[PDB]
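Each remark here refers to the structure printed beneath this line.
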Amino acid sequence: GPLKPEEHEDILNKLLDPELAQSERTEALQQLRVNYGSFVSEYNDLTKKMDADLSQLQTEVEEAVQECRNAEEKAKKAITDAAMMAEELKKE
Amino acid sequence: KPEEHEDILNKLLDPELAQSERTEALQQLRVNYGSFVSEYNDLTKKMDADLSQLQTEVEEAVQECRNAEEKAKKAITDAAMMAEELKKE
Amino acid sequence: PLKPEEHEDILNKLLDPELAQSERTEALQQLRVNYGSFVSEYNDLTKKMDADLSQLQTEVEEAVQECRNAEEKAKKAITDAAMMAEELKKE
Amino acid sequence: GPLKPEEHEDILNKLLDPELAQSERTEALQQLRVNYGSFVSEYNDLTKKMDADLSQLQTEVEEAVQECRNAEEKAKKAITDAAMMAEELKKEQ
């Protein structure tokens, strides 16, 4: 997978030799180009996935929030009906 | 009747009381008592039904709190699920 | 409390003009005790129910407040999740 | 690692030169060495913040769960109180 630090350092070390064969130089540069493009791509795939994850969590917690509003509304109806029952008994 | 009920009982104490005036006094206690027992039974029936309805309506709010728990627990499990999903890659 | 049929027997007993004064006074005292106690039971029943309805309102209002506190904690997680997305945009 | 893929490509194209002076070849590889170490640390901190964010959100939502259970039990006791009131009204009869 992605080049580890020590494995990445070995490539940079052999690229330091000016008399390195061109076939080996292009091969090492290709490894850096493929590894850097794959690592950048993986970084953007996690940034996008986390942003969508945080957005999905906000929508799911909001449905629990709205359910708390239903609890307050129904409980307040029992309060209103209890006061209505009190006024109803004093009318008679 | 509040105070006139004692006036009717005081008038019926007279053994001289005319039978027409005695029957009218006893019938006044007859209609008033039947009206009072009905209002009492209507009261004990109304408050028993009122408290039963309040239990049902407050229970509706209890269930909404349960639904809120279930929605929020789903967000907790989903958040934990998208945590192990990030470590898989 | 005196039942409607049992109350009718006392009224029919008082209808008798030949009834002795000892039983007539005792039958009227039977109606005076029954009525004053019946009115007292009715008023005390109304007073107790009004205190019950007022107490239930207070107890449910406190349950509403806990629902509000639960709502504000859940909304805080939404607000914190939103700033977590903005703080990951520090690129 | 703020090096965009086009900036990284120019360094690779520079290292392709066989006649490249040793000082320029050493400097170019030093840029990649520092940039790669800064990009791995940024990747590790990202995976660290993502796990800590999802853990803190679970904790805050669980705090909201415990209060919903508390509000549930408060209202359930009001139901029992309402039932105990109806039982006490019937006892006095």
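Just remember, in the structure tokens the first chain shown is A, the second B, etc., residues are 1-based per chain, and ligands are 1-based in the order shown.
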
Against chain C, which residues of chain D fall within 8 Å? For each one I want the closest pair of atoms and the distance in Å (one decimal), counting only C-alpha atoms, rows by chain and increasing residue number, as a tab-separated table.
```
residue	atom	partner	partner_atom	distance
D:53	CA	C:84	CA	7.1
D:57	CA	C:77	CA	6.1
D:60	CA	C:77	CA	5.8
D:61	CA	C:74	CA	5.7
D:63	CA	C:73	CA	7.0
D:64	CA	C:70	CA	4.8
D:65	CA	C:70	CA	7.3
D:67	CA	C:70	CA	5.2
D:68	CA	C:70	CA	5.8
D:70	CA	C:66	CA	7.2
D:71	CA	C:66	CA	5.1
D:72	CA	C:63	CA	7.5
D:74	CA	C:63	CA	5.6
D:75	CA	C:63	CA	5.7
D:78	CA	C:59	CA	6.2
D:81	CA	C:56	CA	7.8
D:82	CA	C:56	CA	7.0
D:85	CA	C:52	CA	6.8
D:89	CA	C:45	CA	7.4
```

Output the contact residues of chain A with respect to chain B at a cut-off of 8 Å, based on only C-alpha atoms, as a PyMOL selection string.
-> chain A and resi 46+53+57+60-61+63-68+70-75+77-78+81-82+85

Would you save the residues from that selection as an mmCIF file, in the first residue's frame, using C-alpha atoms?
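This went into selection-v1.cif:
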```cif
data_model
loop_
_atom_site.group_PDB
_atom_site.id
_atom_site.type_symbol
_atom_site.label_atom_id
_atom_site.label_comp_id
_atom_site.auth_asym_id
_atom_site.auth_seq_id
_atom_site.Cartn_x
_atom_site.Cartn_y
_atom_site.Cartn_z
ATOM 1 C CA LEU A 46 -11.615 10.467 4.285
ATOM 2 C CA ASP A 53 -20.748 11.428 8.361
ATOM 3 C CA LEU A 57 -25.329 12.570 12.415
ATOM 4 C CA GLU A 60 -30.320 11.784 12.922
ATOM 5 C CA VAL A 61 -29.972 13.677 16.211
ATOM 6 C CA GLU A 63 -35.103 13.539 14.652
ATOM 7 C CA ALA A 64 -34.518 12.836 18.343
ATOM 8 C CA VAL A 65 -34.828 16.578 19.015
ATOM 9 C CA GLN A 66 -38.162 16.753 17.190
ATOM 10 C CA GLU A 67 -39.322 13.738 19.194
ATOM 11 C CA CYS A 68 -38.532 15.656 22.388
ATOM 12 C CA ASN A 70 -43.597 15.914 20.607
ATOM 13 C CA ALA A 71 -43.078 14.804 24.212
ATOM 14 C CA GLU A 72 -43.346 18.382 25.478
ATOM 15 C CA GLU A 73 -46.418 19.091 23.341
ATOM 16 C CA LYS A 74 -48.296 15.998 24.529
ATOM 17 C CA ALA A 75 -47.276 16.605 28.147
ATOM 18 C CA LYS A 77 -51.770 18.996 26.521
ATOM 19 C CA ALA A 78 -52.208 16.908 29.674
ATOM 20 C CA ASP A 81 -56.607 19.341 30.012
ATOM 21 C CA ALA A 82 -55.958 19.057 33.757
ATOM 22 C CA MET A 85 -60.942 19.680 34.238
#
```

Write out as JSON, numbers by chain each polymer residue whose atoms come within 12 Å of residue 1 (chain A), counting only C-alpha atoms; drop sequence neighbours fewer than 4 positions from it.
-> {"A": [7, 8, 31, 34, 35, 36, 38, 39, 42], "B": [89]}

Please identify every residue of chain B that has at least one atom no more than 7 Å from any atom of chain C, counting only C-alpha atoms, and report them as a list in words.
->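 Residues satisfying the distance criterion: residues 9, 13, 15, 22, 23, 26, 34 and 40 of chain B.
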
Would you put the residues from that selection into a file with N, CA and C atoms, as an mmCIF file, in the first residue's frame?
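Written output follows (part-v2.cif):
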```
data_model
loop_
_atom_site.group_PDB
_atom_site.id
_atom_site.type_symbol
_atom_site.label_atom_id
_atom_site.label_comp_id
_atom_site.auth_asym_id
_atom_site.auth_seq_id
_atom_site.Cartn_x
_atom_site.Cartn_y
_atom_site.Cartn_z
ATOM 1 N N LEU B 9 -87.121 20.619 57.824
ATOM 2 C CA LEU B 9 -87.069 19.668 58.929
ATOM 3 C C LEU B 9 -87.701 20.237 60.191
ATOM 4 N N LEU B 13 -91.445 18.859 62.160
ATOM 5 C CA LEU B 13 -91.451 18.458 63.563
ATOM 6 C C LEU B 13 -92.828 18.627 64.183
ATOM 7 N N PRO B 15 -96.368 17.913 64.975
ATOM 8 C CA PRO B 15 -97.365 16.859 64.742
ATOM 9 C C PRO B 15 -98.715 17.415 64.324
ATOM 10 N N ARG B 22 -97.708 18.746 54.927
ATOM 11 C CA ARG B 22 -96.710 17.741 55.286
ATOM 12 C C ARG B 22 -96.238 16.969 54.060
ATOM 13 N N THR B 23 -97.162 16.616 53.161
ATOM 14 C CA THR B 23 -96.777 15.892 51.953
ATOM 15 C C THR B 23 -95.926 16.763 51.037
ATOM 16 N N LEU B 26 -92.409 16.746 52.528
ATOM 17 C CA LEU B 26 -91.707 15.489 52.301
ATOM 18 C C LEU B 26 -91.335 15.314 50.835
ATOM 19 N N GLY B 34 -82.880 13.078 45.625
ATOM 20 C CA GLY B 34 -82.565 12.408 44.374
ATOM 21 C C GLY B 34 -81.691 13.255 43.470
ATOM 22 N N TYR B 40 -73.819 13.820 43.127
ATOM 23 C CA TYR B 40 -72.684 13.200 43.801
ATOM 24 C C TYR B 40 -72.120 12.052 42.975
#
```

All residues 9 Å or closer to region 6-18 of chain D, only C-alpha atoms, same chain fewer than 3 positions away omitted, as a PDB file with N, CA, C and O atoms, in the first residue's frame:
```pdb
ATOM      1  N   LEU A  15      17.870   7.909  -5.002  1.00  0.00           N
ATOM      2  CA  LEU A  15      17.736   9.005  -5.951  1.00  0.00           C
ATOM      3  C   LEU A  15      18.780  10.093  -5.746  1.00  0.00           C
ATOM      4  O   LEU A  15      18.898  10.982  -6.596  1.00  0.00           O
ATOM      5  N   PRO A  18      23.891  10.763  -8.390  1.00  0.00           N
ATOM      6  CA  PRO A  18      23.750  11.297  -9.753  1.00  0.00           C
ATOM      7  C   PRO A  18      24.050  10.270 -10.828  1.00  0.00           C
ATOM      8  O   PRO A  18      23.455  10.330 -11.911  1.00  0.00           O
ATOM      9  N   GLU A  19      24.954   9.331 -10.563  1.00  0.00           N
ATOM     10  CA  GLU A  19      25.337   8.311 -11.527  1.00  0.00           C
ATOM     11  C   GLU A  19      24.400   7.109 -11.520  1.00  0.00           C
ATOM     12  O   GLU A  19      24.744   6.069 -12.089  1.00  0.00           O
ATOM     13  N   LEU A  20      23.235   7.229 -10.887  1.00  0.00           N
ATOM     14  CA  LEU A  20      22.248   6.159 -10.926  1.00  0.00           C
ATOM     15  C   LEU A  20      21.753   5.953 -12.352  1.00  0.00           C
ATOM     16  O   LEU A  20      21.568   6.912 -13.106  1.00  0.00           O
ATOM     17  N   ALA A  21      21.550   4.690 -12.722  1.00  0.00           N
ATOM     18  CA  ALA A  21      21.055   4.373 -14.054  1.00  0.00           C
ATOM     19  C   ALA A  21      19.693   5.015 -14.281  1.00  0.00           C
ATOM     20  O   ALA A  21      18.848   5.056 -13.382  1.00  0.00           O
ATOM     21  N   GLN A  22      19.484   5.527 -15.497  1.00  0.00           N
ATOM     22  CA  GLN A  22      18.248   6.243 -15.794  1.00  0.00           C
ATOM     23  C   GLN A  22      17.030   5.332 -15.697  1.00  0.00           C
ATOM     24  O   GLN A  22      15.952   5.784 -15.295  1.00  0.00           O
ATOM     25  N   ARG A  25      16.294   5.330 -12.161  1.00  0.00           N
ATOM     26  CA  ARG A  25      15.836   6.639 -11.707  1.00  0.00           C
ATOM     27  C   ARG A  25      14.370   6.858 -12.061  1.00  0.00           C
ATOM     28  O   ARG A  25      13.577   7.297 -11.221  1.00  0.00           O
ATOM     29  N   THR A  26      13.993   6.556 -13.307  1.00  0.00           N
ATOM     30  CA  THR A  26      12.601   6.715 -13.715  1.00  0.00           C
ATOM     31  C   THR A  26      11.691   5.771 -12.942  1.00  0.00           C
ATOM     32  O   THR A  26      10.555   6.129 -12.607  1.00  0.00           O
ATOM     33  N   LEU A  29      11.186   7.366  -9.498  1.00  0.00           N
ATOM     34  CA  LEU A  29      10.309   8.529  -9.599  1.00  0.00           C
ATOM     35  C   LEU A  29       8.867   8.119  -9.869  1.00  0.00           C
ATOM     36  O   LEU A  29       7.936   8.784  -9.398  1.00  0.00           O
ATOM     37  N   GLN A  30       8.663   7.033 -10.620  1.00  0.00           N
ATOM     38  CA  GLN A  30       7.312   6.533 -10.851  1.00  0.00           C
ATOM     39  C   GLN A  30       6.673   6.054  -9.554  1.00  0.00           C
ATOM     40  O   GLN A  30       5.476   6.264  -9.328  1.00  0.00           O
ATOM     41  N   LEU A  32       7.252   7.234  -6.587  1.00  0.00           N
ATOM     42  CA  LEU A  32       6.874   8.422  -5.828  1.00  0.00           C
ATOM     43  C   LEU A  32       5.622   9.069  -6.405  1.00  0.00           C
ATOM     44  O   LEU A  32       4.758   9.536  -5.654  1.00  0.00           O
ATOM     45  N   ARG A  33       5.506   9.102  -7.734  1.00  0.00           N
ATOM     46  CA  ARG A  33       4.339   9.715  -8.363  1.00  0.00           C
ATOM     47  C   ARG A  33       3.072   8.915  -8.081  1.00  0.00           C
ATOM     48  O   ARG A  33       2.015   9.495  -7.809  1.00  0.00           O
ATOM     49  N   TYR A  36       2.324   9.175  -4.109  1.00  0.00           N
ATOM     50  CA  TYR A  36       1.837  10.478  -3.666  1.00  0.00           C
ATOM     51  C   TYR A  36       0.420  10.735  -4.162  1.00  0.00           C
ATOM     52  O   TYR A  36      -0.403  11.304  -3.435  1.00  0.00           O
TER      53      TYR A  36
ATOM     54  N   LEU D   3       1.991  20.258  -0.389  1.00  0.00           N
ATOM     55  CA  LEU D   3       2.405  20.167  -1.788  1.00  0.00           C
ATOM     56  C   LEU D   3       1.283  19.555  -2.617  1.00  0.00           C
ATOM     57  O   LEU D   3       0.960  18.372  -2.465  1.00  0.00           O
ATOM     58  N   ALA D  21      22.730  19.149 -10.923  1.00  0.00           N
ATOM     59  CA  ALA D  21      23.806  19.334  -9.962  1.00  0.00           C
ATOM     60  C   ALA D  21      23.463  18.656  -8.641  1.00  0.00           C
ATOM     61  O   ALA D  21      22.293  18.534  -8.265  1.00  0.00           O
ATOM     62  N   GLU D  24      21.365  20.725  -6.288  1.00  0.00           N
ATOM     63  CA  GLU D  24      19.952  20.812  -6.638  1.00  0.00           C
ATOM     64  C   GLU D  24      19.253  19.474  -6.434  1.00  0.00           C
ATOM     65  O   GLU D  24      18.082  19.431  -6.039  1.00  0.00           O
ATOM     66  N   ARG D  25      19.956  18.368  -6.694  1.00  0.00           N
ATOM     67  CA  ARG D  25      19.380  17.051  -6.448  1.00  0.00           C
ATOM     68  C   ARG D  25      19.185  16.804  -4.957  1.00  0.00           C
ATOM     69  O   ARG D  25      18.175  16.221  -4.545  1.00  0.00           O
ATOM     70  N   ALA D  28      16.164  19.050  -3.769  1.00  0.00           N
ATOM     71  CA  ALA D  28      14.863  18.566  -4.220  1.00  0.00           C
ATOM     72  C   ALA D  28      14.400  17.369  -3.399  1.00  0.00           C
ATOM     73  O   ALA D  28      13.231  17.295  -3.004  1.00  0.00           O
ATOM     74  N   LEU D  29      15.299  16.417  -3.138  1.00  0.00           N
ATOM     75  CA  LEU D  29      14.936  15.274  -2.309  1.00  0.00           C
ATOM     76  C   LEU D  29      14.675  15.689  -0.868  1.00  0.00           C
ATOM     77  O   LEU D  29      13.881  15.047  -0.173  1.00  0.00           O
ATOM     78  N   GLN D  31      13.182  18.499  -0.049  1.00  0.00           N
ATOM     79  CA  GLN D  31      11.814  19.006  -0.061  1.00  0.00           C
ATOM     80  C   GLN D  31      10.807  17.866   0.032  1.00  0.00           C
ATOM     81  O   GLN D  31       9.826  17.954   0.779  1.00  0.00           O
ATOM     82  N   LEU D  32      11.034  16.787  -0.720  1.00  0.00           N
ATOM     83  CA  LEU D  32      10.132  15.639  -0.657  1.00  0.00           C
ATOM     84  C   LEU D  32      10.191  14.963   0.707  1.00  0.00           C
ATOM     85  O   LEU D  32       9.175  14.460   1.200  1.00  0.00           O
TER      86      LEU D  32
END
```
